[PDB]
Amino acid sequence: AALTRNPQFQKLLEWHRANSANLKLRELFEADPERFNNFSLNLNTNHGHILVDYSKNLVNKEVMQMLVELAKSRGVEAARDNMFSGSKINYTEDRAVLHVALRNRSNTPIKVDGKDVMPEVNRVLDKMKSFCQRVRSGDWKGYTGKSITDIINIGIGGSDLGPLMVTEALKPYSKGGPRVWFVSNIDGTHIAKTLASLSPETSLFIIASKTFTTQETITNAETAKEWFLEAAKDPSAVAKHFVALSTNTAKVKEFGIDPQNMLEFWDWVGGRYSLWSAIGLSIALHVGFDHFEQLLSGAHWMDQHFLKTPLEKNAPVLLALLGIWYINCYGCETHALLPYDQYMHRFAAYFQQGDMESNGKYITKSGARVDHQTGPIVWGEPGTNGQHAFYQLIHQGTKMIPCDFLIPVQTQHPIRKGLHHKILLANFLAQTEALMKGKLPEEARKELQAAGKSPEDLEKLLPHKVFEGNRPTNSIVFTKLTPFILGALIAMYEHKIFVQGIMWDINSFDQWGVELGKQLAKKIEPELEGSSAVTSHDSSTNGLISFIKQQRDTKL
């Protein structure tokens, strides 16, 4: 594998092995009054600042230098440039990787197969803008001549989680706009309980599918269409209530949606990077196209920062490099995303997909099997709730867990003269301080003495009260969570994932395990029909099928 053969990597690993045990966050801060100043990036976007404070990490000057050298040696800059210029860097599928084109506000040419993609990107955006105005204004009427009150996105994975996470995060920008619903699971519960709350007269369905063949999405869409036509009784009416977002015109038409009711995107838009495209229509409908444009613009700002900034002060590069340090040198399996923001409640889940589906890989560009770790398990929940759920383990367990803490300085709801947000901010700050500093036995001993504990009780309790600390974090703080800033933040992590992928020499942009998934259920579906015993498979699969057949009729 390319990474482990790399001399800069070997140097880094050897340094870690010899020196890492001597790195203590508490001592790093004591020894260097300028630590924050030298290990943070204050980015001015001209529409808010984003401070990336990486000073609470197990790094020093030489470590960062070695990490930056590794990024150079692994050709991060050239690979980045190739992505941006429309090179077919998704080599297993022979595709360009051009989510950056979707938000290319500068409109500079980006060519695929000799042709600039910008005119088609902008044409679709213009179409989205027109449609949103017609729907949000109440001009667009349902089959009984009523304005639309509910938008329902039907899609899964990349055709679901982006629009869901972003509409949740930008909820305060949705005043006046129609309600938005997300149906994704094949589990009939999802569509059933959604439809139960809706009228066919005032619901507009958005069928979101790159391929337009995904089993969950097409089945859900057919169920919705059946429900709709049971009420409307007019195939002509489907045009008023169904829109497709896809690359597959033939399958859209096959389903029963006319191409004029289709907004297209392209093969170089990966699902987990698709919210910027036509797939973002439910966002634009919910918050307005203006705010959707601001979202695109923030991503564009961050794209430019990524493209033009020297590696040593490049925000997504530094986040990627810190990740490499913890993954390939320390061996940390996971990375936690902990936004101190209720609107961001699905942010961690979004990048759980974006990161893991991208970098959960084991074959390189050369076809080699990796002999090192690739992508981490990404997880998290919003603060402060996590403090009362799993922070016990972060503080006092046996796992090293790099954490990104994120918060906006300004809240969307400054209730009680800002009291709630002051408390929220205090916790955000305290938790990373606590993770860094810990509490020494002698410090814990003094507290227990002042608590009036007898010598016997104190000695039994003491070790349980000790916090070993030295637990590293990033703190990412931004002026306010506006559409623009959110766009910038999502793009930042997209580029983090890119840099890690290039360094590991893997393809961040295919998903053969997801493709495998879509082939699997067809072989079992037919066996579930009828009362016949299944002996076809391994005994577990067989035994589970037998249990299912036995139990499906019993009346509880």
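The numbering used is simple: start at 1 and walk along the sequence shown.
Legend: mean Cα B-factor per stretch from the PDB entry, 250-258 versus 410-418; the higher mean is in 250-258.
In this entry, 438-446 shows the higher mean Cα temperature factor of the pair 438-446 and 122-130. Comparing C-alpha B-factors across 113, 160, 333, 433 in the deposited entry, the largest value falls on 113. Within the group 311, 180, 481, 378, the record's highest C-alpha temperature factor is found at 311. Among the modelled residues of its chain, residue 31 has a C-alpha B-factor that falls in the highest third according to the deposited record. Sort the chain's modelled residues by C-alpha temperature factor and residue 398 lands in the middle third, per the entry. Residue 149: CA B factor in the middle third of modelled residues in this chain (values from the PDB entry). When the CA B factors of the chain's modelled residues are split into thirds, the value for residue 173 lands in the highest one. Placement of the Cα temperature factor of residue 328 within the chain: middle third of the modelled residues, per the deposited record.
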